[PDB]
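Observations on the three-dimensional arrangement
These are the residues of each chain, in order.
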Amino acid sequence: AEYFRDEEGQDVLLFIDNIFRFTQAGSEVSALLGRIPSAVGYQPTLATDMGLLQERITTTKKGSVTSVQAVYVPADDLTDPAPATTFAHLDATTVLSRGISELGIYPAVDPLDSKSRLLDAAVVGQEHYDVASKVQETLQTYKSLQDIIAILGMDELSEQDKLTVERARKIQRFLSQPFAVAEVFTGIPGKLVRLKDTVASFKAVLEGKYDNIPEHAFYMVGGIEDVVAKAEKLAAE
Amino acid sequence: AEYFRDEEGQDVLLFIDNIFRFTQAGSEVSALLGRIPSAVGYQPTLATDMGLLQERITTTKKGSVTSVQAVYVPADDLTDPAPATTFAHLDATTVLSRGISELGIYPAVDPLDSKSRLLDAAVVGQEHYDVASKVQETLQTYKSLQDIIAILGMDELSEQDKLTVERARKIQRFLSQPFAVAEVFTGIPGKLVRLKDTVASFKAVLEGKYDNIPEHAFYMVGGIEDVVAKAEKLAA
Amino acid sequence: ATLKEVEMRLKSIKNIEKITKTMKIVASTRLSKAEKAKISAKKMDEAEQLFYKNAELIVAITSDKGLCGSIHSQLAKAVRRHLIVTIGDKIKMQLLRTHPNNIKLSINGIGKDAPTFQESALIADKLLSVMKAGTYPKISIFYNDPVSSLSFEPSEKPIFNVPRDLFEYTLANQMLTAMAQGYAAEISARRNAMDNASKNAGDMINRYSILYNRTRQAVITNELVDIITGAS
Amino acid sequence: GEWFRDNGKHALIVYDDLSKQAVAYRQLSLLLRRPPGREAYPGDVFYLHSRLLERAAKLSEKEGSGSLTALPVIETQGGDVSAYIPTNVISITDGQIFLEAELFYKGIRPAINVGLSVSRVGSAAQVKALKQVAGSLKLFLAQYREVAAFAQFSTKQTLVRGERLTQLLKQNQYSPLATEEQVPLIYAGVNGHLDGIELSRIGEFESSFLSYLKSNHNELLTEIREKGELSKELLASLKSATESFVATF
Amino acid sequence: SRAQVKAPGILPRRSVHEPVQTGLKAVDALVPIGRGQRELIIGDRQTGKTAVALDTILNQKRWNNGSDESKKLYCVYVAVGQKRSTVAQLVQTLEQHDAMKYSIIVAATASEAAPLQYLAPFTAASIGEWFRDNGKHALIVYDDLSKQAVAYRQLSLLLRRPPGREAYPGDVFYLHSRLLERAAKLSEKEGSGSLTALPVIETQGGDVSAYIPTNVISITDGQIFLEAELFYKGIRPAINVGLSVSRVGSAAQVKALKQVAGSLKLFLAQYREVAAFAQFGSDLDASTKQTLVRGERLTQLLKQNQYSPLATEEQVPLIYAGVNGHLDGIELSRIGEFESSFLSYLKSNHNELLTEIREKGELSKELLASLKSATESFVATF
Amino acid sequence: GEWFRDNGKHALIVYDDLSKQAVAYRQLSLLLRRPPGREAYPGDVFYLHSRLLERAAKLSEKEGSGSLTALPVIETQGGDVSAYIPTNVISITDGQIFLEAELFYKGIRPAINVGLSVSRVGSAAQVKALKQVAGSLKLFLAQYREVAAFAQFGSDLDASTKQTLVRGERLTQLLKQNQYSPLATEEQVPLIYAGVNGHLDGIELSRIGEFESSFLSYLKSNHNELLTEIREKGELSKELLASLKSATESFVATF
Amino acid sequence: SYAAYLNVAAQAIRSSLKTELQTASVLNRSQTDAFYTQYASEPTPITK
Ligand SMILES: Nc1ncnc2c1ncn2[C@@H]1O[C@H](COP(=O)(O)OP(=O)(O)OP(=O)(O)O)[C@@H](O)[C@H]1O
Ligand SMILES: [Mg+2]
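Residues numbered from 1 in each chain as written, not as in the entry; some residues may be left out. Chains lettered and ligands numbered in written order. Part of a larger assembly, values for the part shown. Heavy atoms only, no water. Residues with missing side-chain atoms left out of burial classes, pairs and counts.

The name that the PDB entry assigns to chain G is ATP synthase subunit epsilon, mitochondrial, with the source organism given as Saccharomyces cerevisiae. Per its UniProt entry, chain G bears the Subunit comment "F-type ATPases have 2 components, CF(1) - the catalytic core - and CF(0) - the membrane proton channel. CF(1) has five subunits: alpha(3), beta(3), gamma(1), delta(1), epsilon(1). CF(0) has three main subunits: a, b and c." Of the comments in the UniProt record for chain G, the one headed Sequence similarities reads "Belongs to the eukaryotic ATPase epsilon family." (UniProt positions renumbered as here; feature names shortened; annotations may be inferred.)

Going by what the PDB entry lists, chain F is known as ATP synthase subunit alpha and is assigned to Saccharomyces cerevisiae.

Each helix and strand in chain G was counted, giving two helices and two strands. Ordering the α and β elements of chain G from the N terminus gives α-α-β-β. Principal axes of the C-alpha set define a box for chain G whose edges measure 50 × 25 × 10 Å. (Helix = DSSP H or I, 4+ residues; strand = E, 2+ residues; numbered from the N terminus.)

This paragraph deals with the pattern of salt bridges. A salt bridge links A:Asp76 to A:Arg98; the shortest N-O distance between them is 2.9 Å. Placement of the pair is A:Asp76 in the loop between β2 (65-69) and α4 (81-86) and A:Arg98 in helix α5 (residues 98-102), with a sequence separation of 22 residues. Where B:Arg117 meets B:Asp91, a salt bridge forms, and the shortest distance between an N and an O atom there is 3.2 Å. Taken together, the residues span a long stretch of sequence, with B:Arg117 in the loop between β4 (115-116) and α6 (121-124) and B:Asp91 in the loop between α4 (81-86) and β3 (92-93) at a distance of 26 residues. The network of salt bridges with common partners includes A:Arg5, A:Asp6 and A:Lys62. (Salt bridge = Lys/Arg side-chain N within 4 Å of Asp/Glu carboxyl O.)

This paragraph deals with the sheet that holds strand β1 (residues 39-43) of chain E. Residue and element names in this part refer to chain E. Pairing within the open sheet is mixed, and its four strands lie in the order β6-β1-β7-β8. The open sheet is flanked by β6 (200-202) and β8 (245-246), the only strands paired with a single partner. Relative to strand β7 (residues 222-226), β1 runs parallel, the two sharing five bridges. Residue pairing in the sheet places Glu 39 in a bridge with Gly 222 of β7. The strands touched by helix α2 (residues 49-59) are β1, β6 and β7; relative to β1, the strand with the most contacts, the crossing angle is about 145°. Seen against the sheet, helix α7 (residues 211-219) touches β1, β6 and β7 and runs at an angle of roughly 150° to β1. (Pairing = 2+ DSSP bridges. Contact = heavy atoms within 4.5 Å. Axes fitted to C-alpha atoms, helices over the stretch in contact; angles between N-to-C directions.)

Residue and element names in this part refer to chain B. Here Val 68 shows up in strand β2 (residues 65-69). Put simply, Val 68 and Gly 223 are 155 residues apart on the chain and 25 Å apart in space, counted from C-alpha to C-alpha. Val 68 has contacts with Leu 14, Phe 15 and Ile 16, leaving out every residue within four places of it along the chain.

The next thing to look at is helix α9 (residues 185-196) of chain F. Helix length check: α9(F), at 12 residues, gives a terminal C-alpha distance of 16 Å against a target of 16 Å (1.5 Å per residue), a fit within 8%. F:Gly198 occupies a position one or two residues after α9(F) and carries a positive phi of about 70°. (Expected span 1.5 Å × (residues − 1).)

For the rest of this paragraph, the subject is the interface of chain D and chain A. Of the residues lining the interface, 33 residues belong to chain D; the matching set on chain A comes to 35 residues. Secondary structure elements with two or more residues in the side of chain D that touches chain A: α4 (84-92), β4 (118-119) and α7 (137-152) of chain D. The leading source of residues in the side of chain D that touches chain A is α7(D), at seven residues. The residue makeup of the side of chain D that touches chain A, split by class, is 14 nonpolar, 13 polar and six charged. (Nonpolar A, V, L, I, M, F, W, Y, C, P; charged D, E, K, R; others polar.)

Pairing A:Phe174 with A:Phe218 gives two aromatic rings, centres 6.2 Å apart and planes at 80°, and the pair type is edge-to-face. Of the two residues, A:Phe174 sits in helix α8 (residues 159-174) while A:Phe218 sits in the loop between α10 (195-206) and α11 (224-236), which places them 44 residues apart along the sequence. Linked through ring pairs, D:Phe205, D:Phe209, D:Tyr212, D:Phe245 and D:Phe249 together constitute an aromatic cluster. Above the face of the D:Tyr47 ring, D:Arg51 is positioned so that its terminal group lies 4.5 Å from the ring centre. Directly above the aromatic system of E:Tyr168 lies the positively charged group of E:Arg153, at a separation of 4.6 Å from the ring centroid. (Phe/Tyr/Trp six-rings, centres within 6.5 Å; stacked < 30°, edge-to-face > 60°. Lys NZ or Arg CZ within 6 Å of the ring centre and 35° of its normal.)

Let us look at the arrangement of the chains. In this structure chain B stays clear of chain D, and the shortest span between their C-alpha atoms is 16 Å. At their nearest point, the C-alpha atoms of chain D and chain E are still 13 Å apart, with no contact between the two.

Residues and elements named next belong to chain E. Ordered in space as β3-β2-β4-β5, the four strands form an open sheet in which the pairing is parallel. This sheet does not close on itself; its edge strands, each paired only once, are β3 (103-108) and β5 (194-197). Here the strands of the sheet are splayed against their neighbours by 15° on average, with no regard to which way each runs. Inspection of the sheet shows strand β2 (residues 73-80) paired to β3 by six bridges, in the parallel sense. Paired with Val 78 across the two strands is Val 106, which belongs to β3. On the sheet, α2 packs against β2, β3 and β4 (137-143) and is oriented at approximately 160° with respect to β4.

Before going further, it helps to examine the interface of chain C and chain D. Counting from both sides, the interface comprises five residues of chain C and, opposite them, seven residues of chain D. Residue composition of the side of chain C that touches chain D, by class: two nonpolar, two polar and one charged.

Let us now look at the packing of helix α7 (residues 126-151) of chain B against helix α10 (residues 196-206) of chain B. Residue and element names in this part refer to chain B. It is the contact of α7 with α10, at a shortest axis distance of 10 Å, that shows an interaxial angle of 50°. By the criterion of interaxial angle, the relationship of α7 to α10 is oblique. When the axes of α7 and α10 are compared, the crossing they make is left-handed. Residues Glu 127, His 128, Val 131, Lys 134, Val 135 and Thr 138 of α7 pack against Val 199, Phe 202, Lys 203 and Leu 206 of α10. For the contact of α7 with α10, the residue count by class is five nonpolar, two polar and three charged. (Parallel < 35°, antiparallel > 145°, perpendicular 65-115°, else oblique. Left-handed = near helix turned anticlockwise from the far one by under 90°.)

Residue and element names in this part refer to chain E. Looking at the secondary structure, you find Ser 156 in helix α5 (residues 145-158). Residues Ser 156 and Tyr 168 lie 12 residues apart in sequence; the distance between their C-alpha atoms is 8.2 Å. Dropping the residues within four chain positions of it, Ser 156 is found in contact with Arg 161 and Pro 169.

So, about the environment of D:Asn7. Residue and element names in this part refer to chain D. Within the fold, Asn 7 resides in the loop between α1 (2-6) and β1 (10-13). It is 22 Å that separates the C-alpha atoms of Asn 7 and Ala 125, two residues lying 118 residues apart in sequence. Polar contacts involving the side chain of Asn 7 include one to the main-chain carbonyl oxygen of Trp 3, which spans 2.8 Å. (Polar contact = N/O pair within 3.5 Å; in protein donor to acceptor, adjacent residues only side chain to side chain.)

Turning next to the pairing of strand β3 (residues 105-108) of chain C. Bridge analysis of strand β2 (residues 85-87) of chain C against β3(C) gives three bridges, and the strand direction is parallel. Note that in β3(C) the partner of C:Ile87 across the bridge is C:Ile107. Crossover connection from β2(C) via helix α3 (residues 89-96) of chain C to parallel β3(C): handedness right-handed. By the bridge criterion, four bridges tie β3(C) to strand β1 (residues 35-38) of chain G in an arrangement that is antiparallel. Counted as the bridge partner of C:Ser106 is G:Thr37 from β1(G). (Right-handed = clockwise from strand over helix to strand, strands pointing away.)

Below, the structure written as structure tokens:
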């Protein structure tokens, strides 16, 4: 990739799957090299041996590199030293979590732990940023209410919170998407949803334009016109 | 301090701020010296180092080295070995809680987190203990009712529960005191109350003998023989 | 994540379970009086309605307090489905978000205990002296019918010098009956709701107990691992 | 197994169970004074399993077309799949079948948790006739789980369909049924034609219906056997008997 | 100047009494920072720590452009274990806002050998110590000390030194202490200077019980605790006002802001006492409902945009409105509007009040009365 | 203690407290550089406390019939009993007295958790009078620790459990007794008979102490015979039990 | 006011009951303990 960047001058994109296996490799050998192990069991050089790899993956005035790195989380513990160190090196980080996938919401991207530096009104525009902020607020309200829901039932919630919760459930589910490569194990044909369509659809949902539509129609459709279509289909069948 | 005790011949009080850092530096030196670290990372010599410090702080024929030791509780976890080992040597606890400063009750000592071993009738006397127990019972009742008073108005309380609550607030504020060193801070004359003159006062409060008077008059006074004076000024 | 956090979480959930369990018993204790206040008023109603069997506004009755589960929600659903005067803060709240301009009269404070003819009569008296319900074709009462110790149904009963005094009276008597049946339904719904809540609390406690055990094992393993690295 | 794989024959290797292999390598490593890591396992407990399970492969005809399939078993403490060794083998393997104790004790046997169970090869390995019929049943039951969880706190249609689908999948030990016998039922299952059948009757259905096709319809099973995939004509001939029997049932 | 140079002692110091105006409402008003203080910006990954430090750095150009070297707060930003592209984005941010001319950026990035990550904070402290010692004021941001601790751990373990807690060496506290304690305020015998430290710590899972967090929380004079659950609710900066505390406290607050911040703090403390029933606000008691309303509106009132520090003249009217209860009539969502409109009005009208809250720094009763007037007028228009 | 044990005398050894013995052995082992175990304690700590404790024994008439009773104290951190040393000592001992801080702060002293406390042996040792009279006390106290969470509520309180809430309150006031004032069995059993048989119901909860102090006098003076026979003969024969009922009803009619 | 008239007569007949004869039900049957507010928002709160 470095030669394609610097000596050939072209635009490069570098997929690394999976970078954790680098650090783990350094761990496997660290004990045999005679080092005293660090925390949970990683090699002391974890912070530097990673950087010398990670710092080379970057954009430069010679050429551009767009990197997508898979970072395995052992035991789902994002506190494990390796993911914790990797998080510092990435402009955009989408944390796939097991809980969302148990809910059948593929692609299982935790709508809250996931973050990107370019989510700023300066870059994405004010409309997109307000939509994203309303989405995050709604989902965090749902996750905060989850205990009241689990114990006292949803009926204890006020109208504002019942609506916020139904809307959060619609939204967490509307974030689902069928991938054309996942069809061989999900059946549902793949969908590509453009950015503007996503912003406008989530805006329409936040504004309550589709409170009437049931949750199940938001699942695995793609855009909101397909939310409407699946709703019509559930109603017909 | 021990020289003032042994050779000077008079009682002295020793301030150690903070003992958590005695234990911390002990763990640092032990890890450096290569002693196998114990539980969470403290030295094996934790208890014996603490003892060799503390047990020189004691009374004897010529006098006493009192100690008032600030104890930092990391992560607010009293079960950390450092505070847990410090607790085995101290017998009086004074908790300065910000939540008591929010109510403006200076010097902000938590009337319930603070505890002392000498509160036994054998040491302070049965009267002092009965009075302090009534104070603690009332304040614990108020703290318990604090949730219900928010979920439901105070009109929902029984008159006896409402009475315990009102006398709890009055007890709270009579516990406030103007310090003499703090007279420059805000001007307050800063009175100091004898122990007997404190028991006899919180007694008069508890019995309802002095329930006639308002909350703010109990604020920052050096005795009920001064709270009545303040209340006479206010009523006038 | 750490042991102290799971411990405080579990302690809070245990306190919640304790509170809801106490509330269930309290509700069961009040149910004994609610049942009798319902029985007597049911007999009185059947007696008065014998006359309507031979011969021939919307007052929405609920409580002021929540945690009744779906009581207020189902009664508001019934009101909107059929569709005003509200008795209780909660139905008033359900309606105030949807038809603020329709609430003419709101009554509060009666939800705390069984209804008495004094309460019903004075509420009717405000309907007659303030709302002037006189000669309105549109009069009916929406209220909860307690079907079983585990169910309640939103219901409606219509409303209709003695030929006028009898309406002026059955207003109070049917309002009493509706408040009594609503009190029984509310108490039963709260018993059921707090029982369900305590069961859910026990389930959450089981889950967080699994987590406490797992975090205990992990804590010990990590600490002894560090110690062993030190002892090399 | 690699001898069958390499010489053009097909094999299947059941590891029962790798949690205990990991415990054994943990012993071997710690006794060698290898520094412990997560869950006191050695840092290379991953390599132990990767160099085992990666050998399960399907080859091209250059190397003889053979294959080796691996069905590793892992024991989960307290039903937590977040543990170190479980996560490592989930990361190595192409999928997981998660068997839940809550379902097993309820009598749902085999206790397949449809939500957490997933096979990333999927339909490509599935017999054509089952891909042609099942649609997206896995995601339907994954969603049914959450729908029921929140119902506890027209959804009734999804919930009914999911309960009946879950009940339909039960099977008795040592009693396997070939695909000719699975294709019929999953149509009545997925297309919700079972909604008109009470839950407790499903166990009566699965056999009676199987007896109906085998008793009368040799023409359908002797097709799905020899063909392996449904022509829309045979699919019609199956939707027909399903509607007929279900209306009878 | 040497990297490891002894911190100043008791005698030469003078007590922290003057403010590091961050422009962040949630800080100046509830956990103030004075010139000479040491304030831990502690929070989970991506919870807003660098944003607080950088809003602080950016605000100073109100004072650093002028004439008096006493108001000017020159800044040093130590980037430890960060990637060089992040430092490039940081210098681009500082250049957009012109803040580089008074900021020094010291970079020991992740690729830099571990010794340089361990040493960089000390050399940045020696840089700021020049401003301190020569009668100027400085602000040093360590971003972040967890990675310095990791670098020192690598150094120590590869030196075959014995590990302690979390595999960190037995003298990491001595490291961070002899680093931070160099932040001080000096007395007129030594030049009246100062150096203020804003160390960042990366708490995993919010565990303040980890070793390096436990140490730094005890070394520093206070902490700004950033929480993700607050961040996702739109409370940004995500400062957990409850967990956040400042030991210098009122001595650092601007007088005008101390006046109102006392009441702000009292009301938010009541709100925190009640918060357990925030989702049941309807049926609660009248007083509890009042406190829930006002606490929610105050918590909202503190949120402000990235790279946008408000001057104290704009904070004071706003906290006044929140405390005295004028905002109780405003829908929770419109508060973001209220600020942006309300401040404009205070420039369209009553400009003297802002001008004097800046000049005098003190809300004399006349200014408080005129402020009440303006607040009533605009909440009438609103 | 083993000397009194072997030579035909009964002994009592109070370890205050073994958590600090465990800490001391942990230091001693870590400085000897012996390999540590859980919580940095050495591996054999179970052996430490077992080797210490179960030396306590009751010998045969063939070995001297002496005895040694061990009352080891353990300071639990935050009430946690799952800690290593507590987990071991709970398993080594025949029973436990769990002193609860939640009770100590409420002024219930001695703050014994009647629920978690257990004696898997002593039921066969209890002075017969107290077994007789306290047969119902454990049940009553458990019922009270169930119902007490409901103490605060108003007149809607069920009549059925109101008796539980009365008897349990009175029994809790009875079971508390001032420090350095241990009572003789002859003074113990009459109070527990009054409590279990519900004689104290007609007494205000703040005056139970005045009962316990006054009742002991009414027994000592008016019914010396009853106390004397209870201590000297050791059990409450039915005649003495009727004497006890009569004396309690008499004082309570007086009180 | 027919039901109202019966309510007044009932309070009379209830207070007429001997103080040694009143069960708590009687003292309760006099405790309305309710409020009403006209109604958009409430113009006036009062007892009921
Ligand atoms: N004032 C603000 N309001 C809203 N969002 C903000 C604000 N400041 C920063 N952010 C967002 O939060 C993120 C900033 O992360 P920040 O740099 O503050 O944390 P950090 O110290 O880098 O943590 P880490 O080093 O672990 O990433 C960016 O995605 C940015 O868009
Ligand atoms: Mg940062």
